[PDB]
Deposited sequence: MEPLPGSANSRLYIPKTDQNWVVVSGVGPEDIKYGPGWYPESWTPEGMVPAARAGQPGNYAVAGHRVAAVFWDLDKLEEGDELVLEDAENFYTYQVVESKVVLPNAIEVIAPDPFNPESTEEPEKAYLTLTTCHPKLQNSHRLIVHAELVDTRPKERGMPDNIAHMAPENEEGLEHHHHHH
């Protein structure tokens, strides 16, 4: 440790894109690609967010730009998103695409479908957020997806993303 943190990768077969997901959603964090919201919203205050694959809501912000989330509007219910940590590929399936106002901070609650809850989450979600409409920032386009598969990396890379090679996740 010091530091002991890992990063994740995100793959989207539908748009044929993938990124390393950095931590944080500040301007410098997401300048070049998507970032993970380190905290989830609850009525009682902000709490540490789910790590990749874990119960809660792993939420990712990315700019509405060519190399990042321009095409998030193309995702439909059923579509697969894969989140990779050091150990596993986690396959999530899109359950909802919606448009919200920028103050709908509910969408990054541990359970975005029960944001007023104060109990521990039991379901693992992935949430993608970007600016909406295209060439505006009046709103946010939100994609929520639910964990459907956990594949240990020992078993190799899922076929749907096997062509998505790195150039170069843990220290």
{"property": "Missing C-alpha runs, given along the deposited sequence, first residue counted as 1", "result": "1 to 2, 171 to 173, 177 to 181"}
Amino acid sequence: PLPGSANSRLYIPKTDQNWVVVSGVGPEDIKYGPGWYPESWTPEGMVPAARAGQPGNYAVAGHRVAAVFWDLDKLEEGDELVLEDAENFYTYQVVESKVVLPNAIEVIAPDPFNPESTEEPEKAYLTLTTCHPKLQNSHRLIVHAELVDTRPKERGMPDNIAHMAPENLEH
From here on, numbers count along this sequence of modelled residues.
{"query": "Mean Cα B-factor comparison, 121 to 129 or 41 to 49, giving the higher one as deposited", "finding": "41 to 49"}
{"query": "Mean C-alpha temperature factor, higher of 28 to 36 and 108 to 116", "finding": "108 to 116"}
{"query": "Options 147, 10, 162, 22 - largest CA temperature factor per the record", "finding": "162"}
{"query": "Cα B factor band for residue 84 (lowest, middle or highest third within the chain)", "finding": "lowest"}
